[PDB]
Structures are given as C-alpha cells and as structure tokens.
Amino acid sequence: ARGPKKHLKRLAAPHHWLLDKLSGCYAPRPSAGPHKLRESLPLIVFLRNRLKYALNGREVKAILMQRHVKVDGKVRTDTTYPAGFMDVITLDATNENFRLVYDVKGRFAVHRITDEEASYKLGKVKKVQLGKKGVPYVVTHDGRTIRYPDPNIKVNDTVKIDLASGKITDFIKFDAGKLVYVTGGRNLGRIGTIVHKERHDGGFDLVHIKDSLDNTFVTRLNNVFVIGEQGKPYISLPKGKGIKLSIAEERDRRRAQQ
Amino acid sequence: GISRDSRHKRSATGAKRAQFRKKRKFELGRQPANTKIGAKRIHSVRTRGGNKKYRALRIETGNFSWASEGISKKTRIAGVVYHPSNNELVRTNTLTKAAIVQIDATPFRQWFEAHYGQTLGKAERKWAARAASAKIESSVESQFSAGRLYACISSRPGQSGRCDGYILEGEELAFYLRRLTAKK
Amino acid sequence: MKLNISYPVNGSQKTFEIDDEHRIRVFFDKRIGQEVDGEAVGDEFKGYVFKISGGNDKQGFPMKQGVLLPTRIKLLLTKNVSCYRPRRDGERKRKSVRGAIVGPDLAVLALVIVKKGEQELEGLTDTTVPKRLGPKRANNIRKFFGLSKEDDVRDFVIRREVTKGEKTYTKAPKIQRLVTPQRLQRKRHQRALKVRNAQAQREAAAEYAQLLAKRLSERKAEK
Amino acid sequence: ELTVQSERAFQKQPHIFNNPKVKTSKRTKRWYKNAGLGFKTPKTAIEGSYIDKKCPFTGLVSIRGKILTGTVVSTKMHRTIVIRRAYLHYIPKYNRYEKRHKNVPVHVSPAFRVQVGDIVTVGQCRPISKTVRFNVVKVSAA
RNA sequence: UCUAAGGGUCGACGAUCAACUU
RNA sequence: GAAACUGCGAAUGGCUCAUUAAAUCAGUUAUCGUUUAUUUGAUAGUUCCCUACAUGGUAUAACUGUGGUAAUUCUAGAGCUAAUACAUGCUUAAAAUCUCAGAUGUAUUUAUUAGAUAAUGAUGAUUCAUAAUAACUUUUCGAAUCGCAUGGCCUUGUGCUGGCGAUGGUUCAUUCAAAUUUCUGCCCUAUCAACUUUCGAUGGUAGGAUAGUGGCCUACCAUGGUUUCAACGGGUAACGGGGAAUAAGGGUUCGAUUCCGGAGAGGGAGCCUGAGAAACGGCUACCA
Ligand SMILES: [Mg+2]
Ligand SMILES: [Mg+2]
Ligand SMILES: [Mg+2]
Ligand SMILES: [Mg+2]
Ligand SMILES: [Mg+2]
Ligand SMILES: [Mg+2]
Ligand SMILES: [Mg+2]
Ligand SMILES: [Mg+2]
Ligand SMILES: [Mg+2]
Ligand SMILES: [Mg+2]
Ligand SMILES: [Mg+2]
Ligand SMILES: [Mg+2]
Ligand SMILES: [Mg+2]
C-alpha cells in the first residue's frame with residue numbers, strides 16, 4: 001500500500017501486551033529492531049503497563065531520555081524499541097534487572113533477576129553461515145551475528161551471550177532430554193524437556209516436549225528455545241516454571257488462599 | 001509505461017480479465033538498449049531500491065575469456081555474425097547476450113606467443129615447461145590467420161553495460177560454424 | 001520601457017526610463033550578450049557597452065536564456081533552471097516564459113555594464129555598495145587577503161560592530177575547514193580505531209585457526 | 001534426444017565446461033542433481049543428452065513447495081503436460097460431497113516418458129511459464 | 001537492400017541443378 | 001534564535017466503496033524467484049603515476065540592492081557568503097602467494113576452479129554460503145563531518161598519544177516491509193455451449209525488460225489451453241473477510257460502515273523525486 005505502515009491500531013496489537021480496549025485508537029507500533037513486531041514488547045508497554053512506573057507515553061519518554069532504561073547493556077531511549085524474549089532490561093536508578101520471559105499464559109512476565117545473571121543472556125541460533133572472507137558466523141533469535149563461533153554450534157542450538165563484549169561463553173546443543181522454552185504457538189510459555197524430533201523433510205520440524213508433570217505436547221521447531229538441561233536452566237525461570245495448570249487446578253490454587 | 005503485470009494477458013481459460021489497479025510502478029518495463037558497436041556510450045538507469053543499471057549503447061570493447069587456458073583478455077568486437085533469436089540483430093549489428101560476434105584476437109595471439117612461443121597466428125624454460133599440451137584446436141587456431149575469433153556474448157549489455165563473452169570452442173564452435181556456413 | 005542597469009564592479013544598480021522608440025530600437029533583435037552601445041541607445045551614455053542580460057515583458061514574464069524567440073512560450077521547467085523554483089523535491093511545472101530575443105514586448109530590460117567609455121553615470125561609480133559578507137572558509141580568507149598557507153588566519157577575519165545598546169560587540173564569522181587540534185584528534189581517533197579493529201580481527205582469526213587445528217588433530221587422533 | 005541440438009542456439013548446461021584441451025573420459029561432462037524429498041534421479045537424467053534448463057534434475061529449477069499427485073490428461077505440448085486432479089468438495093448444508101477437478105499444467109523432463117493416464121507426482125517450482133508452476137518428479141506409469 | 005518458406009536429379013547426410021509464388 | 005541551504009518526513013494517517021466474480025479476499029504455502037529507507041548486530045591497515053597541521057568554486061541559497069506583471073507559495077538582473085550540499089583528493093603494519101619489479105581490499109561483469117567422502121560448512125534439494133584463477137568497469141565504497149570531556153607520556157612543542165558520544169558509510173545478517181506465489185473455497189443466470197488463438201491464446205528455444213520469476217515483451221517454432229465437475233458470456237441496487245440479525249437441530253438473510261486485506265482520490269493515461277507512489281492536500285497532458 002505505497003509503503004510501510006507506521007500506525008498500529010488497537011485491537012490489531014499483539015494480545016499478550018494486555019492493552020486496554022478503550023484507552024485510544026492506537027497501540028505502540030514496535031519500531032524495527034532485534035526480535036519482531038508481534039513477538040516483541042515495546043519499552044513503553046513494559047514501563048507503563050507492566051511496571052506502572054510511568055502513567056503515560058509522556059512519562060515513558062521522560063524516563064527514557066534521562067538514560068535510565070537499558071536493554072542488553074545499551075541505553076535504548078526509543079519509546080517503542082522492540083524488546084523481546086531473553087532481553088535484559090536493567091534500571092540503574094532503582095537498580096533492578098528484568099529478563100523478558102514468557103509466563104505460562106503466554107504474556108511477557110515481570111521477572112526480576114540478579115546482576116550476576118543480567119550480565120549475560122541466551123540466544124537461539126537462527127542460522128550458521130560463512131560470511132565474507134570465509135569467516136563463519138551465527139545469527140541468533142534477537143538479530144545478533146557472532147563471528148568465529150564454535151564449529152559444533154548448529155542451527156536450533158542455544159548460545160550464552162556475554163552481553164558486555166557480545167561473545168559466546170557456552171552453547172547448549174539441541175537434542176532429546178534438554179530443557180526448552182516454548183516461544184510461540186498454543187503452548188507459548190511452557191517449559192519442558194525434548195522427547196523426540198520429527199523431521200518432515202521439506203515441511204516443518206516437529207518436537208515433542210514433556211513437562212515436569214509428565215504432560216506431553218507437540219510444537220514446531222520454530223518456537224522451541226533450548227534453555228539448558230533437565231532441571232538446570234541456564235536462566236532463572238519465572239514464578240510458575242511453565243507448568244500449564246488446567247483451569248480447574250488454577251481455580252483450586254486461587255481459592256487455596258482463604 | 002511498459003507493464004509486466006498479468007492482469008492483462010488474458011487467463012489460461014481464455015477469459016478477458018476486467019481491469020482494476022491502474023498500472024503499478026513495481027511492475028514497469030523499459031525500452032531495450034539495442035546496443036550497437038563503437039564509440040562507447042553508457043547511460044545509467046535508476047532502478048528499484050535506488051540501484052543502478054547500465055544501458056550500454058554503442059559498445060566498443062569487451063572482456064572475452066578463452067576459457068581453455070583462463071586468459072580473459074580485453075578485445076575489440078568487430079561485428080555480429082549470428083544471433084539465435086533474431087536475424088535482425090545480426091543485420092543491425094546489435095550487441096546482446098548469446099549473440100555470436102567476432103573479436104580482434106590480437107590480445108589472445110599476443111598472450112599465446114608470450115605464453116608458449118608457438119607461432120599461433122604468424123625465465124627461458126617456462127615455454128619448455130608449457131609442454132606439448134599447447135595445441136589449442138584446428139578450428140580455433142585457423143581463425144588467427146584472419147585475426148578474428150568467434151565468440152559468444154555472455155553478459156547482458158542492456159543490463160550491466162558490459163559486452164563480455166567467451167571464445168567459441170569444441171562442439172559449440174562446431175555448431176555455430178555449421179549454422180554460419182549454412183546461412184552464409 | 002525601463003532599463004535595470006547594473007555595474008558589477010564595486011556594486012551599483014539603477015533603473016532608467018527610456019520612452020523613445022527612436023533611441024530604443026538598438027536593443028531589438030539582440031538576444032543575450034551583444035555589443036549594444038550606450039552612445040547607440042541614449043545621449044546620457046557615451047562609450048558604454050551593455051551586456052544585455054534578461055528582462056521582463058508586459059504581464060511580468062521573465063526572459064529565458066536560450067528560447068531564441070521574440071514571443072513567450074510554456075516550458076516544462078525543472079530544478080536547476082531559471083524562472084522556476086521547485087516547491088517539492090522532483091517537482092516540475094509548465095510555466096510560460098518569454099524568449100531571449102528582445103523586442104517591443106519587453107516592459108523592462110536588464111543590462112550589465114561591461115566597459116566604461118566616458119563620464120560616469122549617477123548610479124555607476126559615485127554610489128558603490130560594499131560586499132555584505134567577508135569570506136568564511138579559512139582558505140577562502142587566505143586567498144582573499146593574499147597571505148600564504150602557513151600564516152595562521154584566525155585574527156583578521158572581517159568583523160562588524162553592532163551598536164544597539166552602546167556595547168558595540170564585534171561579530172566575526174565561525175570560519176570553516178580550520179586546522180584545529182579537535183579535528184586532528186578526530187583523525188587520530190579514526191586511524192587508531194581502524195588499526196585496533198584490524199588487529200582484533202587478526203587475533204580472532206588466529207584464535208579460530210588454532211581452534212580448528214586442535215579439533216582437526218583431535219579427529220585424526222580419534223580415527 | 002533425436003538430434004538434441006535442434007534449436008537456433010547451442011543447447012548446453014550453463015557453466016558446465018567440457019575442456020577440449022584435456023582428453024577426458026566421458027567427453028560429454030553432464031551436470032545432474034538429487035532433487036530431494038526422496039525423489040530418485042532417473043537414469044535417463046543421469047546419462048541423457050537433453051539440456052532442459054527447466055528439468056528438476058539437470059536444469060536450474062528446484063522443488064520446494066507443494067507435492068501433488070495427478071492423472072495425465074494431455075501430452076500435446078512440448079515438455080509440458082496437463083494433469084487432472086480429482087477431489088471431493090464438501091457441501092455442509094447437505095452433509096455430502098461433490099466431484100471436482102482442477103487442471104494443472106506441469107513441465108515434464110525428457111528424463112520421464114509420459115502418456116495419457118500415467119499417474120504422476122509433481123513438485124512445486126518457480127514459475128517457468130505463464131501457467132506452469134510444477135515439475136514432474138516421479139512418473140509411476142500405471 | 002535484404003530475410004524466410006515452398007523443389008528436381010544423383011550418390012538421416014552430401015553433391016549438383018533450377019523456376020516462380022508467398 | 002527568524003530566514004534560508006542541508007537531512008528526514010510528506011508513500012503513515014484519515015476518507016470512501018466506484019470498479020472488481022478465480023479478480024479481491026480467507027485460511028495455507030513459496031522465494032533454491034526478488035527489492036527492502038529505517039532499526040538492531042556484525043563488518044572496511046590494501047586508495048599513489050609534490051595539500052593532508054585538511055582541496056576547490058567549477059556556487060549558491062538565505063541576505064543587500066534594482067525591478068516586471070491586475071493577479072499565483074510567479075519570479076528576473078546584479079553584489080556576497082557556509083556545508084554531513086556539490087565536486088575532488090593523501091596519510092594507517094608486517095608477512096605470504098603468484099607473474100615477469102609489479103599485483104593481490106571492496107564493489108561491478110564475464111569465464112574457469114574448489115566447494116569432497118559407504119569400507120573441506122549448510123540444505124530434503126542447488127551452479128548455495130564462501131573461497132580461488134584471469135581479466136573487466138561513462139569507477140562503487142573504503143569519513144577532508146559534528147558535540148562534550150579533557151587526559152597520559154614527554155625531546156616542554158603547531159610535540160606524540162588518548163576517552164565518551166553524534167552523524168555518515170561498503171557488505172552480510174536482522175527488523176519494518178514489499179512484489180510475486182502453492183492449494184482449496186465466491187451470489188444469480190443456458191432466452192450464455194462452446195470459448196481463447198492474425199492483434200499472445202497454450203507451450204519450447206533464445207533474447208530483451210524487470211528488483212527478480214513468468215508470453216511480461218520480441219524473434220523463430222509447435223498447435224496448443226478452458227469447458228455440462230458449467231468454461232466463455234451476461235447480471236449484481238457485489239469491495240472480500242473477521243462478523244450481524246434470526247435462530248430446537250439444520251439453516252435463511254445481511255455484512256457501504258470501529259479490525260485485517262484490496263482499490264480510488266471527477267474520468268483516463270503518463271511521469272519526477274524517492275527505499276518505498278504510477279502519489280493526486282505531487283507534477284504533465286487530454287476530457288468534463
Ligand atoms: Mg493509508
Ligand atoms: Mg555463487
Ligand atoms: Mg527467458
Ligand atoms: Mg457481500
Ligand atoms: Mg459497487
Ligand atoms: Mg464490509
Ligand atoms: Mg454502494
Ligand atoms: Mg479499511
Ligand atoms: Mg493510490
Ligand atoms: Mg467528488
Ligand atoms: Mg494519480
Ligand atoms: Mg483533498
Ligand atoms: Mg493523500
């Protein structure tokens with residue numbers, strides 16, 4: 001339609017932002033950036049709707065323009081910067097670090113982490129390719145390219161990114177028995193261990209995940225994120241650890257506070 | 001202007017498609033370069049994405065590869081002797097991909113004499129190292145007597161501004177010689 | 001008919017009212033830059049050679065440099081031409097401009113005095129206007145004031161005293177392309193950045209080559 | 001293929017150079033590929049003399065989309081066939097189906113021999129003509 | 001000023017010969 | 001801090017539903033068929049046949065001054081002056097390998113080579129990534145840019161170094177996109193049964209053109225392609241869908257209209273700028 005759009009109408013925004021229906025006609029359209037549009041979380045949404053630190057976009061911009069907020073070690077004074085999965089949002093004033101992880105409901109949960117863990121981040125290897133001059137590189141889920149990766153690092157692996165030098169300290173390989181985060185689809189936000197991987201050459205790789213409750217669910221390879229080994233995640237999991245309780249037991253737990 | 005859309009160009013059932021969507025810029029075509037020979041004239045075309053194409057009009061010289069020894073000398077194009085798509089391109093000497101042209105062959109002769117020292121067209125032991133595997137072909141070597149080598153244009157002059165190509169050899173040269181002595 | 005006559009040397013311009021056809025026929029049939037003589041046009045001018053450069057006709061349409069017509073025509077005008085200012089990037093407009101050939105249509109001609117023949121005009125040499133602004137670029141000031149390259153032009157830039165509240169503070173231009181320690185520091189920083197990046201890439205490549213050799217040797221030792 | 005060099009232009013695989021200086025063995029160096037998805041490269045494609053830049057094994061096309069099956073109903077075009085794809089369309093109101101068909105023009109390589117009938121498997125390729133978007137990959141001549 | 005198609009004879013090709021119509 | 005030059009934006013938004021019936025659209029595919037400003041990440045020691053302690057006006061706007069026309073966001077002549085505008089042009093290693101001292105960065109174009117493997121990366125798959133060889137180029141890039149802090153060494157000099165940034169920039173990747181695209185699915189009508197094909201209709205070869213695939217166009221060639229499983233034609237007071245009303249169940253009717261997709265800016269056509277428009281609060285022409 002003659003060019004790229006710049007507005008995001010309300011009721012067209014991603015549902016996991018949990019934006020009010022009647023606050024306005026428009027939602028914050030995420031700027032171009034690391035992760036995505038629908039799979040992202042703008043800094044304005046994170047600061048005004050999740051933390052309630054700001055009351056409107058004007059206060060969000062006032063907070064940003066004094067270099068307080070910081071995404072993956074960089075200031076990111078952009079109001080609609082597309083913060084996404086595994087991104088570390090550190091506030092130096094009121095020093096606290098958040099890791100953008102999905103709760104089991106598929107929303108970006110408010111997840112406090114320590115400084116020693118905000119030092120790094122995890123990135124799913126989107127591709128492995130030889131660059132110019134024959135220099136191999138890996139492309140991660142958040143748009144990072146890291147030169148000279150370990151030759152055993154393949155697609156669907158996970159790499160730990162130093163986030164200060166932007167280098168790979170360690171890497172987890174995709175195979176059965178590894179802890180995985182689900183980053184899309186129906187099972188978004190669930191955590192389990194890889195059981196099996198169906199190939200379907202030419203189609204879409206499928207992977208079966210078994211959570212701690214022995215519940216098994218299938219999902220595409222595009223939305224599984226290796227986050228460590230069974231019972232030992234490389235990142236701190238959110239409050240619920242992605243267990244996917246049914247509505248009945250959720251109501252039981254809610255009523256368990258009498 | 002020229003349009004590459006399929007909204008015209010009636011469907012496979014033969015039905016005439018009703019018109020919507022007045023011509024779009026992202027489906028435009030442009031005029032052929034119709035490259036000629038001599039007095040190099042390259043016009044830049046601003047293409048989609050801010051990129052640049054080069055309409056070569058009146059090309060004089062091109063880079064032609066022997067491809068049997070890997071030489072790729074720059075040489076003058078004499079004229080067009082054959083074109084598989086249109087005899088009018090041969091008649092008008094239109095430079096175009098896959099056109100069979102004649103090239104000066106002087107740079108290739110000079111390289112051959114400086115490489116093998118083997119009287120092609122009529123520090124020391126490099127020529128001796130270049131052993132009895134120095135005969136090229138009885139049909140390529142005979143063209144050096146007239147000083148004109150048959151070559152095929154491999155670049156697209158209207159797209160890239162260059163008239164590069166390769167010297168015909170083997171079965172390709174035999175095929176094009178058959179066509180040339182049949183139609184001439 | 002009016003004559004917008006200008007003397008570029010030291011600056012001057014004034015408008016004459018030449019209402020006599022007998023004394024104005026000399027400008028006819030001459031397009032641009034011809035040897036129209038002051039003694040040929042009027043008695044006030046003696047020995048003046050006019051550079052006949054432009055004009056406006058009745059209805060105010062300007063003359064275009066190379067139309068070569070006695071009348072006015074509509075031209076599709078572009079960015080870098082006369083008689084049109086594009087209000088938008090890439091905009092072109094079809095505007096009616098008048099030809100270059102001078103004729104009875106013109107309401108005002110514009111003349112440039114290129115040669116001085118006889119007694120001065122009352123708006124030619126007695127009145128002169130100074131150059132409003134001095135040079136800004138450092139080498140431009142050096143060329144204007146005639147000094148050499150290594151002469152440290154930082155002091156005698158043309159200044160101006162503004163007397164508004166009896167403070168009379170000088171106003172000198174910020175001169176550009178100055179050789180400054182800040183600029184030298186920027187250049188040094190750029191060279192250092194390039195060399196540091198090259199060294200970092202070289203050592204990363206060396207470490208990766210070491211890694212590859214280690215893995216290959218391990219594989220061949222594992223058979 | 002019956003004087004393969006039957007066009008005005010010399011027919012050859014691009015960038016597959018038969019060096020006349022070397023006295024090689026086969027003397028007709030031929031490029032072929034495994035099309036993928038378990039489709040076997042036919043021996044005709046392996047050892048033939050046709051060029052067919054649109055062949056899924058010896059040409060410049062790739063099979064990357066939908067894999068369809070059809071019944072050949074026309075072999076009257078040059079290196080192109082029409083396959084009839086019969087299917088049942090569900091009409092919910094009557095809880096029943098109706099027979100429907102769609103004709104798909106498919107490019108057929110000289111590696112395959114195809115006649116009317118001859119249920120074939122076709123794979124999606126890039127547009128290679130106005131109407132053709134599929135290439136025969138398995139002949140299954142029955 | 002050209003281009004293309006349409007033949008005879010003789011030994012999937014070669015040699016030779018030939019007239020017009022598009 | 002006016003004005004103006006420069007940069008970016010003005011291609012978003014908003015409006016409307018006229019066209020449009022395999023078209024749009026919906027779900028589902030593909031790009032191993034392409035372009036992509038911007039964002040984010042990475043990325044550039046190679047530039048020469050007497051400036052770099054930094055080049056030019058080949059430049060001018062704003063401004064000064066003189067005007068024309070009744071009238072326009074019309075502008076003319078003359079006199080100045082800047083750049084992250086325009087046009088130029090150096091400094092930054094060592095080593096190795098080829099050629100017979102020169103060359104080897106990157107971008108472009110061509111050709112050739114490697115890209116392996118049951119007993120030297122990736123993909124289901126490639127002529128992929130990438131590298132190499134020989135050349136090629138109306139030379140692409142390889143900062144002559146800006147702010148703030150001022151530091152270390154020291155021959156104490158216009159000394160040599162040096163921080164945090166901003167902007168600009170080649171390529172790759174990413175993101176926002178775009179363009180095509182697979183499969184299936186549209187209401188009534190036979191008082192529409194044949195339709196398309198000279199003037200492209202279906203396919204092949206080659207070329208041109210495109211950002212790229214493709215009869216998209218051209219040349220030559222073949223005679224194909226759709227259809228009673230409704231083609232083609234005609235009608236729509238038809239933009240499609242999410243949905244709305246009514247609804248035991250099944251259905252029937254509606255959906256211009258708060259979201260998504262498309263299309264258009266009186267009707268047409270053409271085009272400049274730009275990453276992106278066949279733009280209309282942009283231009284050009286014709287019609288009214
Ligand atoms: Mg809009
Ligand atoms: Mg390649
Ligand atoms: Mg083609
Ligand atoms: Mg409707
Ligand atoms: Mg309507
Ligand atoms: Mg509607
Ligand atoms: Mg209506
Ligand atoms: Mg709408
Ligand atoms: Mg429009
Ligand atoms: Mg109206
Ligand atoms: Mg328009
Ligand atoms: Mg309006
Ligand atoms: Mg508008």
Side-chain angles (χ1 to χ4, degrees), chain A residues 2-7 9 11-12 31-34 37 128-132 134 139 143-145 147 201-202, chain B residues 4 9 12-15 17-18 20-26 29-30 32 40 42 47-50 63 65 67 70-74 84-87 96-98 154-155 158 160 162 164 166, chain C residues 4 6 8 11 13-15 53-54 56 59-60 62 83 87-94 107-108 110 112 129 131-133 136 176-177 179 184 191 194-195 198, chain D residues 7-9 15 17 33-37 62 64-66 76-80 99-101 124 126-127 129-130 133:
Chain A
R2 273 217 287 152
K5 306 171 109 209
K6 310 165 176 336
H7 293 64
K9 280 164 165 153
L11 317 181
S31 309
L37 197 143
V128 184
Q129 204 162 330
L130 251 54
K132 295 302 184 205
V139 181
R144 282 169 195 278
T145 76
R147 291 175 106 209
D201 279 352
Chain B
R4 300 170 302 107
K9 196 80 213 213
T13 70
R17 295 189 174 117
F20 80 134
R21 198 171 101 158
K22 323 150 100 83
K23 285 187 198 184
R24 291 273 183 274
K25 200 263 185 200
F26 52 70
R30 290 191 192 96
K40 154 192 258 187
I42 318 274
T47 57
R48 180 152 191 102
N63 191 38
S65 312
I71 305 117
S72 156
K73 280 308 198 221
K74 167 176 182 183
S85 95
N86 199 344
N87 268 349
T96 275
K97 183 168 197 305
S154 60
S155 73
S160 57
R162 320 275 192 88
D164 315 351
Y166 59 100
Chain C
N4 192 79
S6 56
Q13 42 192 330
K14 70 176 288 307
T15 319
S53 84
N56 288 87
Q59 297 85 68
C83 312
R87 306 290 198 282
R88 172 190 303 251
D89 284 30
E91 186 198 86
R92 309 175 300 178
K93 290 252 270 182
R94 192 171 303 272
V108 48
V112 174
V129 279
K131 269 173 227 163
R132 285 273 292 190
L133 293 178
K136 185 146 164 89
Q176 285 292 341
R177 220 164 281 185
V179 167
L184 280 138
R191 304 281 282 306
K194 199 176 283 286
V195 178
Chain D
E7 310 286 13
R8 285 184 189 271
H15 308 139
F17 176 55
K33 75 165 144 185
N34 157 50
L37 307 169
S62 61
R64 73 269 198 281
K66 294 213 145 46
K76 297 190 226 73
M77 304 183 270
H78 184 233
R79 299 173 161 193
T80 323
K99 273 191 197 154
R100 284 183 182 201
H101 88 280
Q124 188 174 337
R126 68 161 211 274
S129 100
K130 176 165 189 276
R133 285 98 172 83

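The basis for the numbers below is simple: all heavy atoms, side chains too, and nothing from hydrogens, waters or symmetry mates. In the text below, chain A, chain B and the rest are named by the order of the sequence lines, each starting its count at 1.
Looking at C/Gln13, its side chain comes within 3.5 Å of the base of F/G65 through a donor and an acceptor atom. Judged by distance alone, with hydrogens and angles left aside, C/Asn56 brings no side-chain donor or acceptor close enough to the base of F/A76 to form a pair under 3.5 Å. At a cut-off of 3.5 angstrom, counting only N and O atoms as typed in the model, there is a donor on one side and an acceptor on the other between the side-chain of C/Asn4 and the base of F/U66. In terms of polar N and O atoms assigned as donor or acceptor, the side chain of B/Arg162 comes within less than 3.5 Å of the base of F/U108 in a complementary pairing. Between the base of F/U81 and the side chain of C/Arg132 there is no donor-acceptor pair shorter than 3.5 Å.
Between the side chain of D/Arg79 and the backbone N or O of D/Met77, no donor-acceptor pair lies under 3.5 Å.
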**Asked** Base, backbone or nothing for each nucleotide of nucleotides 40-45 of chain F, written B, S, -, heavy atoms under 4.0 angstrom, 5' to 3'?
**Response** SBSSSB

**Message:** Across nucleotides 233-244 of chain F, 5' to 3', mark each nucleotide with B, S or - according to how protein heavy atoms within less than 4.0 Å reach it.
**Reply:** S-----------

**Message:** Protein within reach of the bases, or only the backbone? For nucleotides 51-58 of chain F, mark each nucleotide 5' to 3' as B, S or -, using heavy atoms under 4.0 Å.
**Reply:** -SBBBBB-

**Message:** What does the B/S/- profile of nucleotides 121-128 of chain F look like, 5' to 3', with a 4.0 Å heavy-atom cutoff to protein?
**Reply:** -S-BBSB-

**Prompt:** Reading nucleotides 216-224 of chain F 5' to 3', which nucleotides get B (base under 4.0 Å from a protein heavy atom), which S (sugar-phosphate only), which -?
**Reply:** SS-BS---S

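Of the side-chain N and O atoms in D/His101, one or more sit less than 4.0 angstrom from OP1 or OP2 of F/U227. A/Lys5 has a side-chain polar atom (N or O) that falls below the 4.0 Å cut-off from OP1 or OP2 of F/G13. One finds a side-chain N or O of C/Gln176 lying less than 4.0 angstrom from the OP1 or OP2 phosphate oxygen of F/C146. Of the side-chain N and O atoms in B/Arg48, none sit less than 4.0 angstrom from OP1 or OP2 of F/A209. Between C/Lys14 and F/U66 there is no side-chain N or O to OP1 or OP2 distance below 4.0 Å. Taking only side-chain nitrogens and oxygens, B/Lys23 never comes nearer than 4.0 Å to OP1 or OP2 of F/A269. Under 4.0 angstrom from either OP1 or OP2 of F/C232 there lies at least one side-chain N or O belonging to B/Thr13. When the side-chain nitrogen and oxygen atoms of D/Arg126 are compared with OP1 and OP2 of F/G214, one or more of them lie within a distance under 4.0 Å. Listed pair B/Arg21 / F/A277 fails the phosphate criterion, with no side-chain N or O lying under 4.0 Å from OP1 or OP2. Distances shown here put every side-chain N or O of C/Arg88 at or beyond 4.0 Å from the OP1 or OP2 atom of F/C272. Not one side-chain nitrogen or oxygen of A/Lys132 sits closer than 4.0 Å to the OP1 or OP2 atom of F/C172. Within the 4.0 Å cut-off from OP1 or OP2 of F/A263, at least one side-chain nitrogen or oxygen of B/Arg24 is found. Proximity of D/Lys66 to the phosphate of F/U184: no side-chain N or O atom is located under 4.0 Å from OP1 or OP2. Residue A/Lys9 has no polar side-chain atom (N or O) positioned under 4.0 Å from OP1 or OP2 of F/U258.
Figure legend. F/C5 is base-paired to no nucleotide; pairs are counted as Watson-Crick or G-U wobble with both atom distances under 3.5 Å. Using the Watson-Crick or G-U wobble rule with both distances under 3.5 Å, F/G163 pairs with F/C148. Base-pair partner of F/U138: not found among the strands shown (Watson-Crick or G-U wobble, both distances under 3.5 Å). Of all nucleotides present, only F/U133 satisfies the Watson-Crick or G-U wobble test against F/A111, with each distance under 3.5 Å. F/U106 makes up no base pair with any nucleotide shown, lacking Watson-Crick or G-U wobble contacts both under 3.5 Å. A 3.5 Å limit on both hydrogen-bonding distances identifies F/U180 as the Watson-Crick or G-U partner of F/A30. Pairing partner, F/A219: F/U205, with both Watson-Crick or wobble hydrogen-bond distances short of 3.5 Å. Across the strands present, F/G261 finds its partner in F/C239; the criterion is a Watson-Crick or G-U wobble pair with both atom distances under 3.5 angstrom.
Each of F/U19, F/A278, F/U110 was ranked by its minimum atom distance to the side chain of B/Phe20; first place goes to F/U19. Of the candidates F/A135, F/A10, F/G268, the closest approach to any side-chain atom of B/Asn63 belongs to F/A135.
At a threshold of 4.0 angstrom between heavy atoms, the contacts of D/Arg100 include nucleobase atoms, whether or not backbone atoms are also involved. Within 4.0 Å (heavy atoms only), D/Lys99 reaches at least one base atom of the nucleic acid. Residue B/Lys74 is classed as a sugar-phosphate contact, given heavy-atom separations below 4.0 Å to backbone atoms only. Residue-level contact check: C/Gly11 touches neither bases nor backbone, having no heavy atom under 4.0 Å from any strand. Among the protein residues, C/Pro62 comes within range of the sugar-phosphate backbone only, with heavy atoms under 4.0 Å from sugar or phosphate atoms but none that close to a base. Within the nucleic acid shown, B/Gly29 comes within 4.0 Å of sugar-phosphate atoms alone, with no base atom in reach, counting heavy atoms only. Residue-level contact check: B/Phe26 touches the bases, meaning some heavy atom is under 4.0 Å from a base atom.
As rounded to the nearest Å, F/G33 and F/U182 have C1' atoms that lie 14 Å from one another. Spacing between F/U257 and F/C287 at atom P, rounded to whole Å, works out to 36 Å. One P atom belongs to F/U130, the other to F/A206, and the distance between them is 27 Å to the nearest Å.
Annotation: of the two residues near RNA chain F, D/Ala9 and C/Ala110, the 5′-most nearest-nucleotide partner is C/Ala110. If C/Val108 and C/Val112 are placed on RNA chain F by their nearest nucleotide, the residue sitting closer to the 5' end is C/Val108.
Base orientation of F/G77: syn (glycosidic angle within 90° of 0). Here F/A4 is in the anti range [glycosidic angle more than 90° from 0]. Base orientation for F/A11: syn, the chi torsion being within 90° of 0.
Rounding to the nearest 0.5 Å gives a distance of 7.5 Å between NE2 of D/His15 and OG of B/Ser154.
Between F/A42 and F/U171 there is a base pair of the Watson-Crick or G-U wobble kind, both donor-acceptor distances falling below 3.5 Å. Remark: F/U92 does not pair with F/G142, failing the Watson-Crick or G-U wobble criterion at under 3.5 Å for both atom pairs.
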**Item:** Base-pair map of RNA chain E as dot-bracket, where | denotes pairing with a different strand and pairs are Watson-Crick or G-U under 3.5 Å
**Value:** ...((((((((.)))))..)))

